[PDB]
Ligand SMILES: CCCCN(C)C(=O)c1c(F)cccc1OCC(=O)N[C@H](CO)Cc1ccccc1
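There is one chain below, alone, in structure tokens, taken in the form deposited without the ligand.
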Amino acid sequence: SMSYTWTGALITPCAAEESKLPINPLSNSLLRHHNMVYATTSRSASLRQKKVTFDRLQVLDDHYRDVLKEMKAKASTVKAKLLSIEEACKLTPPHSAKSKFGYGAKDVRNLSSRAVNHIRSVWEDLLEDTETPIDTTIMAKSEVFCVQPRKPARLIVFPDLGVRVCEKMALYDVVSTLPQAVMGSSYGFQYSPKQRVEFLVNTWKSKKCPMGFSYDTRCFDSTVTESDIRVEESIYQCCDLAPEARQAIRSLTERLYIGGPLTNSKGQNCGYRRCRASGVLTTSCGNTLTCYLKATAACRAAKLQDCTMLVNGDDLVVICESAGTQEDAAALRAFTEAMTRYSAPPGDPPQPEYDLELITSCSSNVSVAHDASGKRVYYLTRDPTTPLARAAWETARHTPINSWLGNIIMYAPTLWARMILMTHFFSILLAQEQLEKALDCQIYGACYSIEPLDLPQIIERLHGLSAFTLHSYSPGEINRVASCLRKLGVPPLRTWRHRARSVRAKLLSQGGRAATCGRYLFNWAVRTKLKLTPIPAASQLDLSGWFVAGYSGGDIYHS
């Protein structure tokens, strides 16, 4: 069937949309080529619609069915509990889209009578009505990028707040535990960046003659079929479930997950969806299981030997045994045709790689540096173009989500996050005296409230003390960073070092946690290095639940 059917009504914005980076002294000191930074808007929605609208092709075979059964057998060991209204309400982000039924996120979190009563009625409706399609709103997503040598806005589809709370009650436990039970070590969201690197490195080292490749599915969500979504439900149904949870899952699958009507911000009917909605609780878990299922079966069909998968939603990386250059190229081509038959066609044809560092997965690649002892240490990095473009935007315009904070946390060991992001934002936090102000950021889709002053402890816990002592980065990494700065008009690294010396001094002069930031985060900025010992409060932080599962689009807030 067609991924989407459109009426002609436009995908509309619910307010003015900013698309250009402002000329601001704060952002200008970080990035001068402001005209190269832009944010997507509803104005490009039609271009996106054209690309994601097509008739799907899908042919399942014995390999697919064999793998599905293997996955279901593992799912059969799971027991999901069903969340209480209170637990579900608490998982709701303070700024989550309000309901069109008289209440907002603040009301849900406060357990107001109106919110609770409506949520209970939505729940009962899921139990009684097993067929009526549930309404969803479609909007153009606002994301910042650097112009290319532009991308149209992505389309986000989500149901009302009441429904979102019910999804949590019926499926939060399932999507938080089933993926790992089913895919084991291949489930990417169970790893912190350091653990992801460890898995990739050990997997690569375990092969007699390693070959790897990332597989980019062309607009994955639109390739997900009704069959795929019911197969996904068949996996969830293997869990021991409370009766109402089982019915809720069955109803949500038929009324929301497999498709439904699309309404714009103006309340007009835009069309119908018959593929994955980006904004529902099961999107991350569902995409991961679907991608893992198709890829695992495709490897068998393609005759790729000993394939180890690492899946994060629609992002896939595969490491296997090489059978020779020509043989690998042919097998990969076969893999792709198998994926295509499973309705997982390629965006960019995959390419075999024989250098782990040359593989980009989850927009990242493994690279190497050295710790204080001079010992080699692998870490996760990525092209800094987007992170920098967004940091500039977030500097000139106050945004709900602070991607720069999430990037500092996830890429703390990198050359660019240390010399640029840390230096830039801590200097601004010092000037505005807001070091104590907690900010929101996202990690694997979930929203987290974090205090900048806790960064040292957070980083130590996630990356280890070596994150504060890495030096002698690779030639390729340095070159990539440096060329990126020239392209964006970002001052050269030498300038950032100079700026950091002053930031570090100011931090030390304030003592307390501020001084600890100066000592650990900016030890790279002083000639005579300080001996960095474990931070006491670091072994007391509760990072439980930080790297357990993915929730992109799941409307999840962690406290």
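The numbering used is simple: start at 1 and walk along the sequence shown.
One more form of this protein, solved in complex with the ligand, exists but is not displayed; see below.
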Ligand-site call, the ligand overlaid in the bound PDB entry, backbone or C-beta contacts under 2.4 Å, 3+ atoms = blocked
Where, among 334 to 342, 361 to 369, 297 to 305, 83 to 91, do residues come within 4.5 Å of the ligand in the bound PDB entry by heavy atom distance?
-> 361 to 369
Considering the ligand in the bound PDB entry, which of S265, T136, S176, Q190 comes within 4.5 Å of it through any heavy atom?
-> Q190
Which pick from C239, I409, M309, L429 sits with a heavy atom within 4.5 Å of the ligand in the bound PDB entry?
-> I409
Is it the case that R164, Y257 and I556 all touch the ligand in the bound PDB entry, with a non-hydrogen atom of each within 4.5 angstroms?
-> no
With the cut-off set at 4.5 Å between non-hydrogen atoms, does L380 touch the ligand in the bound PDB entry?
-> yes
Interface membership of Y448, the ligand in the bound PDB entry, 4.5 Å heavy atom rule | yes
Does any heavy atom of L462 come within 4.5 Å of a heavy atom of the ligand in the bound PDB entry?
-> yes
In the bound PDB entry, does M183 have a heavy atom within 4.5 Å of the ligand?
-> no
